[PDB]
A.B. asks: 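A single structure is presented below for examination.
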Amino acid sequence: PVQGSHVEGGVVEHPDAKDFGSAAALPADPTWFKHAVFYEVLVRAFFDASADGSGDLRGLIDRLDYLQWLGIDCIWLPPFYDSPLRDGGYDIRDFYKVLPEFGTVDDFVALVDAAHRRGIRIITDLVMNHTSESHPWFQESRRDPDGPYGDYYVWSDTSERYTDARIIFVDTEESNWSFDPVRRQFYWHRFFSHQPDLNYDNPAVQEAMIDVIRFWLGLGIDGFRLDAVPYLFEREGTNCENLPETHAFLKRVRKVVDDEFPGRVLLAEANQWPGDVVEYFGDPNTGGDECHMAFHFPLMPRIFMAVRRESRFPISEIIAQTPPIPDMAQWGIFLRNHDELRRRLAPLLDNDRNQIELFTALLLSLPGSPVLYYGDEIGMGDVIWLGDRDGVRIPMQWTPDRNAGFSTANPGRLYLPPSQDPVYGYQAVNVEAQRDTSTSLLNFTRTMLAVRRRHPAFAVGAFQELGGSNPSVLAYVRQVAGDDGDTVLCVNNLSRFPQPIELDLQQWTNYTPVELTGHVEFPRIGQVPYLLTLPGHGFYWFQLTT
Amino acid sequence: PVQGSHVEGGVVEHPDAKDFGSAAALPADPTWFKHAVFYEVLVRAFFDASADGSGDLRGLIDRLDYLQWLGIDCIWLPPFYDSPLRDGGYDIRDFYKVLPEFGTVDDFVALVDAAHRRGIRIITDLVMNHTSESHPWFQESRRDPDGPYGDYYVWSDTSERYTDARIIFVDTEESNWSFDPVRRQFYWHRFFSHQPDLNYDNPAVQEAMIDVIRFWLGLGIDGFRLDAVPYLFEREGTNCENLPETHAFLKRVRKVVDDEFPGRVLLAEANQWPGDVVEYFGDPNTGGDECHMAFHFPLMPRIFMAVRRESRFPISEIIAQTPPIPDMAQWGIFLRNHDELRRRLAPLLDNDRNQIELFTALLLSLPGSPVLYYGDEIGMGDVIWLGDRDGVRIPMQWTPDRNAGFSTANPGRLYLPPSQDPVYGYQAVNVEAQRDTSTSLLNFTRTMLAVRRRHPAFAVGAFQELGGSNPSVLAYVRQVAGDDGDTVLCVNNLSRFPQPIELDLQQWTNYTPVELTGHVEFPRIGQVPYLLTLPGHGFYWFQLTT
Amino acid sequence: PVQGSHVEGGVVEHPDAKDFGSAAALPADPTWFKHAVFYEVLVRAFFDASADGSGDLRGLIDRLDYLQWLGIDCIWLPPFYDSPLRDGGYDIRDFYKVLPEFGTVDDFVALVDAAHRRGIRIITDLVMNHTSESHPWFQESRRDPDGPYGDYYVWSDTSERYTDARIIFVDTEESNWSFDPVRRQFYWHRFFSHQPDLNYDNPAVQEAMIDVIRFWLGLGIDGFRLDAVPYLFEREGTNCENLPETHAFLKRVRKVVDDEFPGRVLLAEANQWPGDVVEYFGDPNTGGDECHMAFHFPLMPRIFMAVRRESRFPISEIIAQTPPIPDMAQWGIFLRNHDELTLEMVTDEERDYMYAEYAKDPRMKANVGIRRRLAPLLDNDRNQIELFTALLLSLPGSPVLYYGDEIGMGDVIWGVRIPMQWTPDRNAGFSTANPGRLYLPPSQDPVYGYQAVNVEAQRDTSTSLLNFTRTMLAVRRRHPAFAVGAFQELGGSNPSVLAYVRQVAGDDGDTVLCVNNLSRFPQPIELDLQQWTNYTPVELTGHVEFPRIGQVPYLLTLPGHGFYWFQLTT
Ligand SMILES: [Ca+2]
Ligand SMILES: [Ca+2]
Ligand SMILES: [Ca+2]
């Protein structure tokens, strides 16, 4: 049957892309990811259509109207592949099957179709470095070492190999080698003991993984974030991170992608400083020949520090300090600082809406492609009772009714109960209560999104941080090269109190600032310091017109 | 016994002020009402201390910490006198007894004491025109017409008397005369049939009422609003409103008050246009010899109209059109437009916090003494299920717990259930959830109140509405006469979008605007139009410094 | 236009039944009301089909499958006529138009059609003693006393007339004469000032009113409870209640109904002791020639007293002192002690031995005036809810269930007229409209609210109060003895237990046995069932066979507040 992967007799058989119906493709656009606003949404958390207490693919399809209305450009889904779920689905049991709980592969095709028909793209995580103990390849590797899958994983008779390579999960794991009961040998894992690393020295492993990519792209997905890529290859006498063999493989994966499925995106999961992470964009001379995107991690904690210090410098510095990137490349940016490795936006700022709105303005005007996390648009919170990764993974708060309008199933059959937090709970903050109030958090972010879309300068423009006498105020221009090109001005007050600013806008003398929210013309720029004034944590967006 | 009024044998006996313990008085201040911010609070709605489902006097005493913290100057209580409650307590059965449900007179003395000790004054409604059918005077009037109380009310053998006088409650009443079953005569009532009018032509009636005033003032109350005063006297061939005999009686009531209890306040309940209502301040030459305060009704609907039109003119006009008032006089102002005769602030503005905050800034900076209605500080709502007067009278929303933290009694024994409205209900909006969030509605109004207190110009300063090129922006200065006197500047944006303003502040050349919320110095004023800039519905408060 | 009533130009003109579609009548059964379980439901409270926030007739139509499933034989609607609603719709402004909020006359016809096709009947209230102040008849009477409607109401030049009549609502009113501002004459009202009394001494008023009956009967309705009937006629030197002329008029109404629309029901509303109410059944020699039905009010207070006292005596005594009734008549029974046209529990100094006792018991005292639903009344005690429901369903008469009692709904205080709780979701599945625009907010009570108690939740689970009520109703239907059987209380050694037999006369006639434990503790009882030697009791709920009856007294055993139902088979 099409659904599932089956082992017989000694070879692991998987369905090809042809076996399923092909969803409608979207017109080829090489640099769509530059202009895209991403929406990361957990399938299990969004909407439950089958009425079993856990959100599913069919449930997501229903809520595409909402997402399109909100105005997001691409949906980003955490892993949904078949798994025993010992590590939240990052322990993949089968690359060729959707977790039965979330639906079938046919349901995924129906998602990719419905979303495409609304002009919304889909990308997912794809764990690269490791699989689950439960994966058939590993079950074959440990049983028949002389079989075709015997060299799929890293095997050793000793534990005294690849020293100096750090142990990632220091709290749980004590070594990167684990003694397998059946095969009676040690195996490699940078993560959990139930997550054995693939042996990327094996050419069959490379191809098998390129085939996994080929599969999902054939179904119609618009790209992947490639997970745990800094740990792909390992060589004796090193720290086993960021190796030349790792980069070379990713370059090859790009070459395949560009050839067979042109116009898709590849993002690199790498929790590291920019300038270290910049390697994953590849060679600058090619215009980028590795991953299209990597994330800018220090941005958000710098924004936070700027607000607490009431000073622009922490923000202006990391931007000035950010390495230049190739043409066919973009920084992924988001209002968080932890990956794997959390809190959520609203509770981090003590529920201060002006401050949230400021952070959101920043997110949507700074260089890069913004990523919103499901429920940030309504100021949802986290839960401590669950701790870190499970605490942010609570069901979407649509209404103040039973189950927050997320499921019709009996409360108790739910995977997690919606938070009844006195401030961030579903009775206090939800979609229904905010859809009609014009100044709600929900309608605010929809407005900015709409405004951002009419101005390419936010997405692909240059960045010029201006200077003011006032250290509390961050002002900058985003400009598209060429005469009569999109030019926007962004003024942000990091102080909790009203502030005056003088800006040197001589560069745009005789231009007229037109405020983007209400199209009100402001005094034209002269040869004189341009004076603006803002309340605590306010911001202005202007188009500079000629 | 001290609690209650008793009839024997043909004379109605009432306890004197001496019979109770005198609460601690507050140092004499003739013009305290000019600087006061009033807080109108329904006893039944605030806090239930006896655990019976209806709020009481003892419950209020507990919440004085909250009120003082919030920073209000005087508590205003709707009628709490003994009553059958056929008309919400405005049908008074006994002037000399607190409604048993709310407590005793001793509990009221303990309130007036505790509040005074916190520097907070107390005022209450005192219904003047009429009493209840249930009142002993009327029961004596209808039984023995030749007795001492026989001429206490207006009696007639016919209904064809005082025509041309309008019937107020057209929906219910059909005539201002009602046929009494016992006495077999008609009696006068401008309000309900169970609310017979006092005969103010009778000198004994006048004195008895001056004695009622003398009673409560002796207990220690800081003043009254005198209810239904436009209807006190009646004369054949008129509309029986606003008669010279009515004004003359009030002048006499003032003379008594000033002599026997100096430093108290008298407010007139009159639902009429300013210039018509201005009569109730008395003769201007005396500096005011009638009521100290009357309300400015058209203000709030003019503020609303200004915001919908996005134009200052509706506001600037009624202020320019407001008649001048005597020295010892003040306009009472509030964010409502109905008395008797409603909605609440937040739901009227579709829960737009910026707009609420704008209206509140206006309230606290415009000429007069502001009056906040209990729960406005947290954006409470109304309930349609109850209709008009009972719909606004819902219990105070302290917490998101059982009964909203208002009562510990079993829900069901409550007088009214707290609203579980999806947006304005106690789970969505409450004191507890807003006390910690710095930018909450609750902490915003506390900040403005605090700021207002340090600036007498808001209370007793002159009013100069400046002019700007921008019609959307209302700017004005409040200035206390005399060199080095308190001078504040208020700039308010009525547009929902960001606006620029040029102000002619030549009158204060070389002055320095210092923003009151954060004490940030702004550019000094020159001989040049002063440019400010504001987001949608923002405002600035400045002190102009020398 | 067909909808409304209009005064053109001096005469109040109204539409006829022929102007609307005729609803299909059921096969004529003159004694259906004896075998019927009634279900009383506020139109406003049941289901909102128009999405306006208020319940409507169209909504009730959608909910008929549920009522049929539950197993009720007749729906009873409180007043739904056009009204200003100054007194719960009992102040009628127009008899010929449905209150716009609930829909039109055309919606009502469709309801009768949809109900009958399921085998369910419809009855409603009809206020007979008074109309609203706002009624066209009163407006014409006050304006032109010389006109046709001038004598439709009772007018006097003095208040000192009919001084022997009491004031029903002593709190709101101080006289039964209100002085009119326009006509300048006192008019008579037995209730509120805005409810002037019709003058039944006027032949035109009578004929006009029986035409109102003709209208709704012609549309398809199966009956009315005729409201405020004890007060129709007034006479100087009398207390103005229960006058022979009042009864005479009602006999004429019954005469017309039987002749023109055979097989309908007329119920007398009268807040009186049984023995006083029995007059409203009419002349027994006829078989009954007035009202078919009247309510037995002291029943449930006596049941309540019996449970608290743990003694059958208060129940035994009222059954024993209940006067026999005409052949074509039935007591209506319900778990309340007064109706909506009065404030206080029906009682009697002379004929009620528990007269002073109800006050001495705290739990009972809190139920003299206040109307509560069944579950709250009994502190949500399932055993007692089931016990009272067994009593209501097995004692003589036709039982009336109040909407929502079957799922154990509660009250509010400001309140039994709250929205029906269908589901635990938005608006309790009552309406699709905004929560703020609903006529009243669905109870969100932690114990009685819609999240904890609703139809959907209970329909599934077999142990639910809903499934109890449905089983009982189903069991009762299989046994005519409950509806029309004789009553025979049994001799027993234990007064903690109330036991009785219901028997249809004749050979092979339906015979059931009911045994009810009033004690909160387990009790043994030996019953004198010699009359049924060799008969076998089969428990009705699970068809379990109990020991054959001998000549020896028969022993049963019950736990606190338990009960059994048996068929005595041969
Ligand atoms: Ca590896
Ligand atoms: Ca008067
Ligand atoms: Ca009558």
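Side chains included, hydrogens not; waters and symmetry mates left out as well; all remaining heavy atoms used. Proteins come first, then strands; the chains are lettered A, B, ... in the order of their sequence lines, and each starts at number 1. Numbering of ligands and ligand atoms starts at 1, following listing order.
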A.B. asks: Please determine whether side-chain hydrogen bond (donor to acceptor under 3.5 Å, both in side chains) holds for the pair B/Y280 and B/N242, giving the CA-CA distance in whole Å, both sets of side-chain angles, and the decisive distance to 0.1 Å.
C.D. replies: CA-CA 9 Å; B/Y280 288 92; B/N242 310 295; 2.5 Å; yes
A.B. asks: Going by atom types only, do A/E290 and A/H247 share a side-chain donor-acceptor pair under 3.5 Å?
C.D. replies: yes
A.B. asks: Assess, by modelled atom type and distance only, whether the side chains of A/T246 and A/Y200 contain a donor and an acceptor separated by less than 3.5 Å.
C.D. replies: no
A.B. asks: So that I can tick it off, tell me whether C/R190 and C/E234 are bridged by a salt bridge, with the cut-off set at under 4.0 angstrom between side-chain N and carboxylate O.
C.D. replies: no
A.B. asks: Scan side-chain atoms only and decide if C/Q195 and C/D87 contain a donor-acceptor pair under the 3.5 Å cut-off.
C.D. replies: yes
A.B. asks: Could you please give the number of protein N/O/S atoms within less than 3.0 Å of the Ca ion (ligand 3)?
C.D. replies: 5
A.B. asks: Excluding sequence neighbours, so at least two apart, what forms side-chain contact (heavy atoms from CB on, under 4.5 Å) with B/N199?
C.D. replies: B/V154, B/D201, B/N202
